[PDB]
Structure formats: structure tokens, C-alpha cells
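Every residue, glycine among them, receives a Cβ derived from its backbone with ideal geometry; neighbour counts consider all protein chains shown. Coordinate-derived values only; no laboratory data.
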There are 2 protein chains.
Amino acid sequence: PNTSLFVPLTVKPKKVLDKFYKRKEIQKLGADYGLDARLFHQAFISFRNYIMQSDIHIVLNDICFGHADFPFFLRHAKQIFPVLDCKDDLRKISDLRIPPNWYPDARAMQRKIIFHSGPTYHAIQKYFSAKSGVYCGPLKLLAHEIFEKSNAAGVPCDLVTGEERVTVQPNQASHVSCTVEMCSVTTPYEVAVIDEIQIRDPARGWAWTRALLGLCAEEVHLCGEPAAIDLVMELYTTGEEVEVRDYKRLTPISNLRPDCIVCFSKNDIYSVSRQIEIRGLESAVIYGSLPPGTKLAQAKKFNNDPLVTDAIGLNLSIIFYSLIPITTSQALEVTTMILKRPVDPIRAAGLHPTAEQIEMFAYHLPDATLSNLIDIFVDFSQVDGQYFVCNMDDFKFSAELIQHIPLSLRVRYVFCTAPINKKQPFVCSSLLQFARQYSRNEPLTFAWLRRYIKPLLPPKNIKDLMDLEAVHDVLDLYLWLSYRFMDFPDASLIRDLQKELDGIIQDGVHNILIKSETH
Amino acid sequence: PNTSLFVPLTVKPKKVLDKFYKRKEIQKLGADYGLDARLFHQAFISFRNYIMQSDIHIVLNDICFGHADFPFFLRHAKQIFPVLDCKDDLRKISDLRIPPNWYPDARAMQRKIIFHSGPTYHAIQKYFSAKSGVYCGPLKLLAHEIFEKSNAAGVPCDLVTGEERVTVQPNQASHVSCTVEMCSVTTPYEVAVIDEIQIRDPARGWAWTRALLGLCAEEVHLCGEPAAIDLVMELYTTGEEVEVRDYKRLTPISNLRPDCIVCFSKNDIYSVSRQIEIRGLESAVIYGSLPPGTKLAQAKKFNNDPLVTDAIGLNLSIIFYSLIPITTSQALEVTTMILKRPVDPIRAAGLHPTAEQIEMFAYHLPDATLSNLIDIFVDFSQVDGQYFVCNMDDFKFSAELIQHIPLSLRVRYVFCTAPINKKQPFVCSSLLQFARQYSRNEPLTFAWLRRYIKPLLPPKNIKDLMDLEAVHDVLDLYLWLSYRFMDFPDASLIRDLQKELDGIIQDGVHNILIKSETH
């Protein structure tokens, strides 16, 4: 309980008061109840300012005229800091021990865990065949990949992403691809594929742990680097049997051979592209900010036609311009115009604060802000050794941004759990807008949304593209929430408005605007 | 016994263990004793984890070196789930059959049941005249109505509500108005009026059934819709004679004629009021959240002066803005800017778990939570055909809220039986507070209560009013418990502190703040 977290509540309204404070007896008795150096102080200074600048009067009159040893102090001190009043209560609410309890159906079941080690398409096959299955995808692509494959290859696939939810069945279908966040924990499945189990992400590990411990499957297929094995070995508290099946690199490796250039700067991508079209030849570009369409159409054109930074970790058949140092976890001839050290095995999986935990922390500490509540939660939290609490840094920011909009805990919880890029001014602006009108009970229709986003103009230089992509993002935000707060009614319509923009973007993406330089 | 309810108790501490589990002989022998799919599993997995990660050693050594068929398993399985050990015992404790037994004095007596059908003031008259009588009111108004009438019209009336208990007699008086919950079952009466007998409420039916079957009267007067008749016909197990006496609507019916607008949104009430004062004219407002004073003073002013959602079902002499669909049970020219279908007759009356039942379920299942105990109770419960078990949904919530506060079954029972609105954050906060200090043996005095509720400031917009009304609620909560746990000593004092607020509220209620809109 680092008290730096506890902001004092302003409880607005001389001889012995000074002595009472100095007295190492009172100082110790204070510390006994939880009052440290800073707490005992702030408590006294407002206890003094309260008495003088304004029941107790009986004992007040009776110490004036001749003990001097505290409970009236502590009554004040506890309306200053309500923490102290419920320390024991908060600890229990943030006890995140024996996580495998939180999903009892996974415990109710016989589950076989199978781990396809190696630095894929077997598991993919094993659930196509499976009577009832599920995919759990890391990105918002690999989910679509399997959505397109399965339903076509003759095993219908539903899609549950954050931003899309599609039912193929003209009537709930019996197979679904999803982002690991969206994967059920109550729906009985037969085989489940948790792709990319590395659960180690300091901000996203939570959803993996969730999937690992909670999927109501009968076979649980993992696919991820052999460094992760140690962890799943003990994850055995749930009492299931681990099976490893190491795979290997078909061919290994440590110029412009028709080659892949990988940067770390969006400056370098807006540079190298220059370099290439200087010597006539024509380059592709894949930055993570590229709409999902223009990503594909720029990857497929490289896969008929005569790679330029985003960690490439879809199907792409194929040099570091910069090494800045590097996470020593990047994968792939690849020159430096790396495996120097061994990969440290993985230690702990990831948990995060729930809504409901925080809604309880709210009832205890009702004056605290979200940002602060989560900081308070994290403090009292209790993790078993093979788990860690995720970094809720984005969760907070999103909360410091909408703090003034008069929402309610639950709603406010969801809004700040929406995936935004801070470094995009228009998105943040937009979050506030979306949040502000909800409070005003002002449903955000296709009309409203059309005027707000301004049917955009074809891009010219690399600011317009940036704006357009943010205008893309803004639309994705509207969709993300459309599935949580929908009363955001014109969800389907926006996807259409979004779908042209994707091309209006692609248009400009082939024709790179990177020369900005001229003007 | 849906096993989803039975949470396994963590009983913390290889060849044949695997075979023993697979063996359909063991699997069946397990199921014989009550172990279903999920139960037999969880039991084995912790039986395996117990043996290996840690008497039995004799049989353990003796199967190693060459039958393999169970009782050691079942000893473990039953310290996992204590349910199994006392299934038969629990059933009997939750057998709610032949309810008319539970009140033997009603059986000891000659009782005549009379049913004033029709979609009132006769029964009201019949007990005024009665030497010893009782009223059983649905709301916390109709109880006060009769308390004011009787004692004045020259037949003294005591009041027993949840939140008030008043003796008029300067010395136990011989006549009482009450909420149906508070009505005795041991006090000998002559005539009893059970107003609004529709006993069908999925959460409140219990107290009606109680009154119907338990009032020690000589004439039992019912007043309620003719759909309820079928039920009271068989409620004849008690062996009394039913008398129907259908009444009718003096005048029937299917614009701003000096008219009544009825909404279903608190948004619409904060809207229509705008609409009315736009065209100069002046509107009344009655929302159910309005203190009992400001309800009257806003109904009387409409009943001298030149209706705006809460189901109006006190004396009010007089259009649906929304129909959302509708319960097809709403009553009343009434336009839609309804009787489309017939009313389905009523099927079953209502019972609920008692404290003492649960205090017994606690002695069997001492590790279960309240919320879960009641779910367990409901499961094993045994209802005769013309009764149903109420929805204890609020009872649970109130219990999930105070779960961490170290109270005792009885007390904890009462706290979560206190009437609160979940959707009011301050009330829930307050419940915890009231509950927390009881545990700390810290009686909640008028002083403590005064600082907590902060002598509030006149309202400005419609948040202050909401807060004030919750501050009202909080005070009502303090009173409700004041009559159960009183050691809450300053009951009378709070009612006074409450009584000014009622006006501080009324002040703001006439002067609607609804334009919030401007700011």
C-alpha cells in the first residue's frame, strides 16, 4: 500500500494539538492503524485545520483545563483517507490467486492440452475436422484468414472480432474464428486453437491466460515459441496433461535480390520508398497503420507484377535498415544495412483487473478516479507466482481523457478499454465525442458521423493519408463500441462508409505522396 | 441438483489412477452416489493431485504390487463437495409443501375468506367498524392513507411499516395499518383487509401468500383483479369458504384537456416537462423516486392552481408517450402519443426461503456463500403445484455486495433483505458502510450519520436531486434496519434529519432544474 496513491479527501471545517503530534506515542499508535509518515502528517494538519477553523467539544473543553492521548483524530483521518477503513476488504477483492478457479467449466471438464512448439496448419486442420471448434487469433487478420478458409473449405465459420461479428448461417453456427479477447469461456467446444501463445505481453497477456484456462474444449491446441513451454507446464494446477510436439525451420538464414527491407521508423519507410523509385524499380509498403484492405492488396501484389517496418510477425513469401537497441526476439539474407544472445525463458502469464472488481473498488473508494482506482487495485493485488498484472497504461490514459464526461463506472470502464492510439489527436478527440454524447443520451447515427468525419478528398501528401487513417481508426472505434453500447445504432452503415475510405486510402497508397519532400 | 451450483472445496494435499478413472465400472459406481460428469471429474482430478502431491498408504502399497475397484475416492469426493453427504437432509429443509401448515393458528381458527373482485372502501369500512382489525398494504403509502383515516374517523390506528412503527395510544392499540410484510400471524384479529392480492409478484408474492394463509382474523377481505380468483379458490386446502363479490368500473375509456401523460423513461419525464413549460402551462411530476412528501404535495396540487411515469397503480382524480413492449396489465382518453389481448389467469402464489432455513443450510454447507446457499436452497426446494419460489435476485446482489464484511448468517440475512436500489451507487456504498460498522461493533449515531451524508445544499440540476434522493434512500435504509438491529440507536433523530431533506427536495421539485440542458 504505497500511500503515494491515496489522495486525501478535503474534509473542510492549538497548544496540545502541537504536542499530540510530536508525541512519539501518538505517532506510533497512528502507524499501528496504517498511518505512515505522509499519512499521519496530512491527517494531523487537516485535523488541526479542522478543529481550529471550525460532540468532540466535550473532550475539547476537558483537555484545555487539565490525558491527551486519538480516536477523534482517527475518525477525521479515515474520512480523509477511506482506504484505511477497508484495507482488508480491498485486498480480498483484488486477490487474483488460483486463476483456474475463475473458469469453473474448464475445471468441470476433461481437457487435453497440446502444444505445437517451434520457432500451425496441423492444429488448423484438426479443428476443421472437429465437430465443434474455435480459433483464437492474436491480430485482427489471422482471424479473417481462418474465417475465409474454413467456411469455404466446407466447414462454416462465424467471425467474432472486437469490430466485426458475423453469422454465416441464414438462421448460432458451430465454428468460429475470433480474437483471443472475444473467445467464449462458457460455450462447449471440441477442439480449440490458441495461436501465438506468448500470455507474456505486458498489456495483452491477460486474454491469452484467459483463453488457456477457460476454453470449454476437449483438445486445446497451442502454437508458439519453445520458450513458452516452461509456463504451460505448471498451467499443472488445473490437473491436465501437457503434450509437446516441436516443429523446426524448413530452411535457416542469418542487396536487391527480387528481398525485404525492414525499418523501425515511419521516417525510414517514407524514405526508402524514395530510394527505390529513384533507381526506377517499384516497392511495396506495409505499415501497421494501413487499413486491413490496403494491407492485403499490398501484400498480395508482392506475392504478375515487377518489402518496406511494422513487425511482420499474413501469408508473405520472402534487411534491417536499423537495429534500434533491439528486443532480441525479432524473427525472419536479413542483413544490418541478432541471435547474438539466447532467449531468456518465460516466467509468468498475465492477469488484469476486471470491470466488476473495479465497480466494487468504486463502492469502497467512491471519490477516487478510475485511473487511481486501478492503481489502488494493482497495489493490493495478489498474484500467484506464475502470473503478473498487465500494464493498464492505455486503460488509464483513456480514463484521464474522458474523466470530465459524466459517465458511470461500467460504461466508463468499457470506453477506456476501447483500442485507441494516443499519438493520434483526432482519435482522442473522437473518443471524447463518442463518450460525451452517450452521457447526453444522444445516439450517434450515420448522419451525425458523416458530418463529423466530413466523402473525404483523395490524398495529396503524407498528412492527408495520416488523417484518413485516423478517420479510419475513428470509424473502427465506432464499430468497437457498436457491439457494447448499441443504442451507436448505425453500425452496419458505417462499415460501408468505412469500406469506400479503405479504397480511397489504397488509391493513395500505391501512388506514393512521399515527395511532402518537394512541398 | 444442477451441479453447476456446487463449487468444489480445495482439499490441498499414477498408473492405476488413470485406469480407475477410465473404468466405466468406477464411472458408474460414482454416478450411483450422485457424481455426474462434472462432479466425478473434478473429484478424481483433485483425488489424483491429492495422492501424488502428498491410512490409505496400506491399500496404496497393496495395489502397486498386484482388485483396483473407490471408497477412498468417495471420502475425498465428499470433502470436495459436502452436498453429496447431506443431499437427503437438504431436501427436507427446503420442502415448502402444504404451506398452510406453517401458520397453525390460522388452522386453529374458523376463518371466512371474502374476495372483493373487480378491475375497496367496503372492506375499508368493514374493519373500521370491526372491534379488532388490520390493513395489509402493498405500497408504503396506502398504509399511511389508512393510518390517517381510521385514527381520525374515530377508530385509533397504529402504523407498522418497515421504516416506521408508531403507537398512538399514550400507554398496544387494537387496530393497525401495515405493509403486507409486517402483518402479524399470531395476533388475533376480527377483520383483515389484504389490499391488492396479486401474490403473483415474482419477488414479493411471498408476503401476500403469507398474509392470506396466516392472518389470525375471522373475516379475511381481499381486493384485487378477477384474474386472481382461480388461485384463492384452492387456497381449498385450508378448508375455508370463498366468497366472490365482483365490482365494476363506474365509467370505461380506451390532447391537453385539463389530461395525464404517462411515460416509461426518466428521460421522458425530464423532457415532457420541458415541452409543457415551453407553451407556458405548468405541469406536475410523480416519479417513484420522489420522497413520500413531495409525492403527496405534487398529487394534491393536481387535485386552486392552474400528470407527467411511475406506475400510478394514491387518490388521484384524472396518454402513453411510449408503450415499451408493454406488460398488457397496465390500467388507467389514454392515447398512444392495449387491451388488445385477454389477461392470462394467474397460476401460482409465492413462497421464499426463510432466514432459519438458510441458517440450517449454513450448518450443512458452511463454506458456501449466502448467494450460493440460496441457489442451493432453490434447487432442492419442493413446491406444491399452486406455489412458486420468489426470485431472490436482489437478496443475492445485496449479499455479493457485503460478502467481505465479516458478519454472521442471521445478521447477514437481514442486511441483504433490506430494500435497496442497486442502480444507486451511494446506497450500495452506504449498505457496505452500515454493514461494516456493525461488524466493527461501531453503533451508527446521528453524529456519524450527519457527517457521512454531509445540511445538504439546495439542488441546481438533475444530479443534485438524484443525489439528494439517494441521500433520502440512505436514511430510509438506516431506519429500515433501526427496527431490527437497534443497538442504529438514533432512529427518531434521523427521521427528523430526513424530514427537512424531504422539503429541501420538494423545494427543488416544484422549480423544475430540467434545463441540465443549458448546462
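Some points to look at:
- When each of B:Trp102, B:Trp206 is scored by the number of other beta-carbon atoms lying within 10 Å, the sequence from fewest to most is B:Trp102, B:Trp206.
- Placing a label point 7 Å from the Cα of B:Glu359 along the Cα-to-Cβ direction, the residues of the range B:388-431 whose backbone N falls under 12 Å of that point are B:408-414.
- Antiparallel DSSP beta bridges within the protein assembly as shown, percent to nearest 5: 5
- Averaged over A:74-87, number of beta-carbon atoms from partner chains that fall within 10 Å: 1
- Partner shielding of B:36-43 amounts to 3, given as the average count of beta-carbon atoms from other chains within 10 Å of each residue beta-carbon.
- Estimated FRET transfer efficiency when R0 is 30 angstrom, pair A:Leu17-B:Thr445 (beta carbons, to 0.05): 0.75
- Among beta bridges that DSSP assigns inside the range B:132-186, antiparallel share in %, nearest 5: 20
- Net charge over other residues, Cβ less than 12 angstrom from the Cβ of B:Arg410 (K, R count +1; D, E count -1): 0
- For A:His57 and A:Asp393, a Förster radius of 60 Å and the Cβ-Cβ distance give a FRET efficiency of 0.75, rounded to the nearest 0.05.
- Förster-model FRET efficiency, 51 Å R0, A:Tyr247 and B:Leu323, C-beta, rounded to 0.05: 0.25
- Each residue in A:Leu290, A:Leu479, A:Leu497 was given a count of other beta-carbon atoms within 10 angstrom of its own, and listing them fewest first yields A:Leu497, A:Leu479, A:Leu290.
- Here the residues A:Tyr438, A:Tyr321, ranked from fewest to most Cβ neighbours within 10 Å of their Cβ, fall in the order A:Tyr321, A:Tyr438.
- Integer Hz, Karplus 6.51/-1.76/1.60 couplings in order for the range B:400-408, x for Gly and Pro: 5, 7, 9, 3, 8, 5, x, 8, 10
- Calculated from the alpha-carbon coordinates, chain B shows an Rg and a Dmax of 28.3, 100 Å respectively.
- Percent of beta bridges antiparallel (DSSP, the range A:125-269, rounded to nearest 5): 10
- Considered as an equivalent ellipsoid built on the Cα gyration tensor, the protein assembly as shown has semi-axes of 58, 39, 34 Å, the largest given first.
- One way to sum up the overall shape of the range B:350-508 is the equivalent ellipsoid from its Cα gyration tensor, whose semi-axes run 33, 18, 13 Å, largest first.
- In chain B, helices alone account for a calculated mean residue ellipticity at 222 nm of -12500 deg cm²/dmol, with every DSSP H run of four or more residues adding -39,500 (n - 2.57).
- Modelled label reach - A:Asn101, point 7 Å along Cα→Cβ, the range A:367-403 residues with backbone N closer than 20 Å: A:377-390
- Interchain or long-range residues, amide H under 5 Å from B:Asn391's placed H: B:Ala203
- For the pair the range B:166-193 and the range A:193-228, the centres of their Cα atoms are 65 angstrom apart.
- Sparse-neighbour loop sites [trypsin sites (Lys or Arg not before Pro); the range A:352-443; at most 16 other C-beta within 10 Å; DSSP]: A:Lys422, A:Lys423, A:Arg440
- Dipole magnitude of the range B:368-490, debye to nearest 20 (Cβ charges: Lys/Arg +1, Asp/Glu -1, about Cα centre): 500
- Only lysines eight or more places from A:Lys15 in sequence, or on another chain, were considered; those with a Cα closer than 23 Å are A:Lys24, A:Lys28.
- Phi-based couplings in Hz for the range A:131-148 (Karplus 6.51, -1.76, 1.60; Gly and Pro marked x): 5, 9, x, 7, 9, 10, x, x, 9, 9, 9, 3, 6, 6, 3, 7, 5, 7
- Chain A residue nearest the axis that carries A onto B, by Cβ, with distance in whole Å, is A:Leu370, 1.
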